[PDB]
Number of protein chains: 2
Amino acid sequence: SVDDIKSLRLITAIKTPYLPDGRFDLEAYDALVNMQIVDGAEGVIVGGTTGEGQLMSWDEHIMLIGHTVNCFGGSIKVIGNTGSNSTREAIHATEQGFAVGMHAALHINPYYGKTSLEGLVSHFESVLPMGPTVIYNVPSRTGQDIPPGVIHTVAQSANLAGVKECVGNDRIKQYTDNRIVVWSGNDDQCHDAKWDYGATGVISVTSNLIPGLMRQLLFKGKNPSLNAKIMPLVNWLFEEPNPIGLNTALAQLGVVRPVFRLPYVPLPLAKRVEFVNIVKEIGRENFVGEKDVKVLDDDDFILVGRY
Amino acid sequence: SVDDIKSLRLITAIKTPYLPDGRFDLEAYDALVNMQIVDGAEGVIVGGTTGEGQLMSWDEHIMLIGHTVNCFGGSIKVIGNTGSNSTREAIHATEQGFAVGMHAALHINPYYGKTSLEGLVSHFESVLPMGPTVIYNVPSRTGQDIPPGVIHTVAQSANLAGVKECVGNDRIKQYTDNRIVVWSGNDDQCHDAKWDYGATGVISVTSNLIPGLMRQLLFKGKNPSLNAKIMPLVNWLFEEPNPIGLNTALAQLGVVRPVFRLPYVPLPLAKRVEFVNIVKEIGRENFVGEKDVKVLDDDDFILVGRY
Ligand SMILES: N[C@@H](CCCC[NH3+])C(=O)O
Ligand SMILES: N[C@@H](CCCC[NH3+])C(=O)O
């Protein structure tokens, strides 16, 4: 059960698509999950950073984790992002998530409302007993680097599957040398993480677009060449904060509606044209969907604040 | 009125005290507010960072604002923290906060779920029309520095009261030379901010403990001696992230119960022993409360995760 998570090499942090009024577009979401499955993704993160979980009510969130489990749980591992900057919120979400059948939880350290190292331990130890758990470190978002010390302290739990690491390949290695399963959370770094730094795989953004190529990158030996060729795409996705790019790109491919929940807004026209070129360089047949890529007009995009 | 907010020199980011089970201690809260009033604080932030708004549910938060307004609104300015990383949350909370009678809103940029500069503008422009607003920049917590460009863009709203700035004094001056009201959000920098860098005042943590001395620091001219005197307290208070220090200090003074909402945990015995001596050197009479400062035993502290 923890071992079943520990073996996953490709996890997609799935985007969450919306209807024109802001509510979840379940029909679109299901088609994305399907496409991920068809191309070899072994797990999904539901409502991750990429999934705009930060923009969900707990409501929506648990419902989505549950829908995903009920429709797709036999085919793919479901990792609910039930983390919080608040311990109470995390305990309660995690327990509801596991109750609706999720396979694991993703847990970030408390963002914004930063705690002490002792506090991190208390926080993690309060949810770790609930099930298989992946700890999320991303200091550029949270304002706090989880030190390896904390990680080893909590790794005394049998329920810890591993870390989602964003600090770099060098940290990934501090961990993988010391009996700790790591997935890279940086797409631009993940090839080398896997083949040179001991990472088990990726929890990927880029997977939402090119799941087959992402799997290729991780399953079949070193391939710096394939790595180099997807890199222009990766750079585009991260120019602005994720998931601004992915949301824009999924709309251009026609697999989601051009609807954004604020505070996210689409990439400008110049970027979108650029996307079309990036797509043709790589080959459209490698991206999700069947439809011809569009540039889209600014007026196509809907921004929702009240939903 | 925004001009009423712009003239405030001393704002306290008031702490939120708890009952043994984790619920708000309103009796202790009212008493902290009164203490502030008696020493001449001109405004409070209800559920700011220091107030652990991050650990509140929305019903709690709004209730606390509405309560503060009802009980103390004629005698102190009430600024609700109705900020959020989610635009939706911010819209609903802000409108509800203004409807119950708050004087201004405190708005942070979206933490953790980072957006673009264009997203930033859209986010702030959703709430700005609602009433007087203080914008909150603390990139050490949020992962993102609000660039002055953004602030100038939003400053087209007449409802912009000013900025709570935590980046430093140089940034402040950049705003103050350019027609923008600023309050320093750092206590170790607030004296010099006000007298040398054009800051209108402080939004203070330390005023929770020593309100009179902070008023003196900001009202009665340059005083390098008093500033040097409070400085050991200010250092102690920020050694671990705020408000771990404050929480433990107020409990040592006996004005709150030694109850923590997770993920915060108290400072350890040696640091508590050290607070006792800092109190001695400044004089307990400048501190809030009437009780003898205690060290407290570890067994005294109550950590709550489900509340
Ligand atoms: N916007 C809040 C609540 C999100 C809760 C659902 N995941 C936060 O990021 O903490
Ligand atoms: N922990 C959540 C909920 C905040 C509740 C209202 N102050 C957040 O920081 O966004």
Side-chain angles (χ1 to χ4, degrees), chain A residues 22 49-58 83-92 95 108-127 138-144 239-245 260-268 303-307, chain B residues 22 49-58 83-92 95 108-127 138-144 239-245 260-268 303-307:
Chain A
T49 318
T50 306
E52 302 154 288
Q54 58 284 352
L55 266 22
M56 305 172 181
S57 72
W58 276 122
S84 194
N85 62 344
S86 166
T87 312
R88 165 182 61 179
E89 276 178 271
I91 281 148
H92 147 93
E95 97 199 319
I108 198 162
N109 53 318
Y111 40 91
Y112 165 53
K114 205 146 122 202
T115 196
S116 76
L117 297 187
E118 284 73 33
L120 255 3
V121 175
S122 304
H123 184 265
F124 289 130
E125 276 183 355
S126 136
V127 294
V138 56
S140 79
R141 302 180 164 273
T142 65
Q144 186 189 53
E239 241 144 56
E240 299 289 13
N242 174 69
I244 279 145
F260 282 61
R261 290 173 164 192
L262 289 176
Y264 306 127
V265 304
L267 286 175
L303 304 173
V304 188
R306 266 183 201 270
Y307 50 88
Chain B
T49 310
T50 313
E52 300 152 288
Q54 57 272 14
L55 305 184
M56 296 177 182
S57 66
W58 278 123
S84 180
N85 67 336
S86 159
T87 302
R88 180 177 59 167
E89 278 177 81
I91 279 151
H92 295 152
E95 93 202 316
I108 201 158
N109 60 301
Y111 44 88
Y112 164 61
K114 230 142 136 195
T115 185
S116 76
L117 264 40
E118 291 62 49
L120 239 16
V121 171
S122 301
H123 183 262
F124 288 133
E125 281 183 340
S126 285
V127 286
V138 51
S140 86
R141 288 175 181 281
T142 73
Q144 170 198 257
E239 231 149 78
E240 285 292 11
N242 179 57
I244 284 172
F260 283 59
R261 289 188 172 189
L262 290 174
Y264 308 115
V265 299
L267 291 184
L303 305 168
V304 177
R306 312 189 174 258
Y307 40 89

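The figures here come from the full heavy-atom set of this structure, side chains too, leaving out hydrogens, waters and symmetry mates. First the proteins, then the strands, lettered A, B, ... as listed; each starts at 1.
- Interface check for chain B: of the options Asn242(A), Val265(A), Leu267(A), the most heavy-atom pairs under 4.5 Å are formed by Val265(A).
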Donor-acceptor pairs under 3.5 angstrom involving side-chain atoms of residues 118-127 of chain A: please list them, not counting sequence neighbours.
| unit_1 | atom_1 | unit_2 | atom_2 | d |
| --- | --- | --- | --- | --- |
| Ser122(A) | OG | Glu118(A) | O | 3.2 |
| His123(A) | NE2 | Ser84(A) | O | 3.4 |

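- Contact detail for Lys114(A) and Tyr264(B): the closest heavy-atom pair is O-CE2, 3.5 Å.
- When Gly143(A), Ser140(A), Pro268(A) are compared by the number of non-hydrogen pairs under 4.5 Å with chain B, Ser140(A) comes out ahead.
- Chain A forms the most heavy-atom pairs under 4.5 Å with one residue out of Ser57(B), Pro266(B), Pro263(B), and that residue is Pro263(B).
- Looking at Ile91(A), the atoms closer than 4.5 Å to chain B (heavy atoms on both sides) all sit in the side chain, from C-beta outward.
- Considering every non-hydrogen atom in both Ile244(B) and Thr115(A), the closest pair reads CD1-OG1, 3.6 Å.
- Atom CZ of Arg261(A) sits about 8.0 Å away from atom OG of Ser86(B), to the nearest 0.5 Å.
- For the set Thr142(B), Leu303(B), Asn85(B), the count of heavy-atom pairs under 4.5 angstrom toward chain A peaks at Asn85(B).
- The CZ atom of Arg306(A) sits 5.0 Å away from the NE2 atom of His92(B) when rounded to the nearest 0.5 Å.
- Neither the backbone nor the side chain of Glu239(A) comes within contact range of chain B, judged by heavy atoms closer than 4.5 Å.
- The OH atom of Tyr112(B) sits 4.5 Å away from atom CD1 of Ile108(A), with the distance rounded to the nearest 0.5 Å.
- Summarising the geometry of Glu89(B) relative to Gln54(A), their closest heavy-atom pair is OE2-O, 4.3 Å, with the distance given to 0.1 Å.
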